[PDB]
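an experimental structure, sequence included, is below.
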Amino acid sequence: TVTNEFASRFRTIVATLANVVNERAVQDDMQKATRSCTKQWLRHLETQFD
Amino acid sequence: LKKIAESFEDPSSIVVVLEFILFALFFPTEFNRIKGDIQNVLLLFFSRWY
């Protein structure tokens, strides 16, 4: 495969958690900067995992 | 293609896409000679973004 199915699975997991944390952060009125930083952290986890 | 290591975490990674596009315009021939090796990069970009 061009793409590792395990890594792609981790991408879907991180996508799900991303919209989860997002929904929470908008619920709790988080500053956009901190939100962007958690998202960046998740993308980093995806790369590391790949 | 000279190898490009790109993970495509950040939107800034769009630079690499643009690099290719410019190369496609300035140099359609040479681009055509290496375009599959480019598609290997674009597939990372696409799987990650779309």
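All right, it came through fine. Residues are numbered from 1 along each chain as shown, chains lettered A, B, ... in the order given.

how about the residues of chain B that lie near chain A?
Proximity of chain B to chain A is confined to B:7, B:9-10, B:40, B:43, B:47-48 under the rule C-beta under 8 Å from any C-beta of the partner chain. For the C-beta atoms, the positions are set from N, CA and C on the backbone; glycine is no exception.

try it again with 6 Å
By C-beta under 6 Å from any C-beta of the partner chain, the residues of chain B that approach chain A are B:7, B:9, B:43, B:47.

residue 22: which element?
Answering for chain A, as no chain was given. For residue A:22, the host element (DSSP states H and E) is helix A:5-27.

look at chain B instead
Assigned by DSSP H and E, residue B:22 falls in helix B:14-26.

who does that helix touch, helix- and strand-wise?
Judged by 3 or more C-beta pairs under 6 Å, 6 or more residues apart in numbering or on different chains; DSSP states H and E, helix B:14-26 is in contact with helix B:28-49.

now do the helix it packs on: which elements does it pack against?
Helix B:28-49 sits against helix B:14-26, with contacts defined as 3+ C-beta pairs under 6 Å, 6+ apart.

which outside residues touch the helix holding residue A:22?
Here helix A:5-27 makes contact (C-beta atoms under 6 Å, 6 or more residues apart in numbering or on different chains) with A:35, A:38, A:42, A:46, A:49-50.

7 Å instead, please
Residues outside helix A:5-27 that contact it (C-beta atoms under 7 Å, 6 or more residues apart in numbering or on different chains): A:35, A:38-39, A:42, A:45-46, A:49-50.

tell me the most packed of these, by neighbour count.
Compared across those, residue A:46 has the highest neighbour count, 21 neighbours, by other C-beta atoms under 10 Å in any protein chain shown.

ok, residue A:6 - how many residues close by?
Count around residue A:6 with other C-beta under 10 Å applied: 10.

same question, the one 3 residues further on
By the measure other C-beta under 10 Å, the count of residues near residue A:9 is 11.

ok, residue A:1 next?
5.

buried residues in the helix holding residue B:22?
Burial within helix B:14-26, assessed by neighbour count using 16 or more other C-beta atoms under 10 Å in any protein chain shown, is assigned to B:16-17, B:20, B:23.
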